[PDB]
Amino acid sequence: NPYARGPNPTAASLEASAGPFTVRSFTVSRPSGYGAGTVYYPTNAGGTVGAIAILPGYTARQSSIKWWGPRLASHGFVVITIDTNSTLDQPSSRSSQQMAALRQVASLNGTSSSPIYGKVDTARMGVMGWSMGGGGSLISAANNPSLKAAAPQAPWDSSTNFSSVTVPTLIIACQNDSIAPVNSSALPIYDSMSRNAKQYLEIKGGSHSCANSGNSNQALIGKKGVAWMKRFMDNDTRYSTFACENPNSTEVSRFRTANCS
């Protein structure tokens, strides 16, 4: 497998705060088609790696989703955390900006002055995001089926019907979410998808921000997020168990998965 990177995973290696690779970051000097961006990248991944673009929620900024940057990049991904043109952007606009960020990561991969020069496999990209940014990620996957993976958290969109999505999608949900309640948002979105590998991971007792920076379940959520991205962005079957298993965690109130061996 030409995309396989890093050592064979264990629960401990996936639950740790950082993966095997050293991480550096830089601010995007002139963001093209979005508000602002921070790029996290591994210095020593051993090959080109996929790129992941992460959206914040309504009124929110990069701080809410920043922890994913070092966490994912330390396992061999280039990750751009996004500020949208307006904090009040709706999910459709949020999706366009997510793709613009992936577009600029690919452009920067071909820029000699950039720290990620030569570091990205621009054919392998994924999307993540919180709430409206989760709906934005789902729209990105629907419109761009070549995306290799999606992992929105506490998603919300004006529609819950994402039946066209063929991208492997992990729905991270928060049980006690009062902003985007699971019964009217995360669950129907999960249920709508009939054509893909998919998973529903509900954090017990979680408020709307249960997967944000500073959360108390970074070991569990970080493991699932990284494992899902490894399995599907890298086709890495060393991660099939971690990606598709019920994690048997006291912090999970609900678990569902389909087309996930």
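Start at 1 and count along the sequence shown; that's the residue number.
So which stretch wins on mean C-alpha B-factor, 226-234 or 38-46? It is 38-46 that shows the higher mean C-alpha B-factor.
Between 209-217 and 22-30, point out the one with the higher average CA B-factor as the PDB entry records it. Mean C-alpha B-factor is greater for 22-30.
Can you pull the Cα B-factors for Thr111, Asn143, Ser137, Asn183 from the entry and say which is highest? Checking the PDB record, the top C-alpha B-factor among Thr111, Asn143, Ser137, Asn183 is at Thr111.
Among the chain's modelled residues, which third holds the C-alpha B-factor of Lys148? Lowest third of the chain for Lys148's C-alpha B-factor.
Going by what the PDB entry lists, where does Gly129 fall on CA B-factor within its chain: lowest, middle or highest third? For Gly129, the deposited C-alpha B-factor lands in the lowest third.
Assigned third (lowest, middle, highest) for the C-alpha B factor of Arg61: It falls in the middle third of the chain.
Chain-relative CA temperature factor third for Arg195: It belongs to the middle third of the chain when residues are ordered by C-alpha B-factor.
Third of the chain, ranked by Cα B-factor, where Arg103 sits: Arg103: CA B-factor falls in the middle third of its chain.
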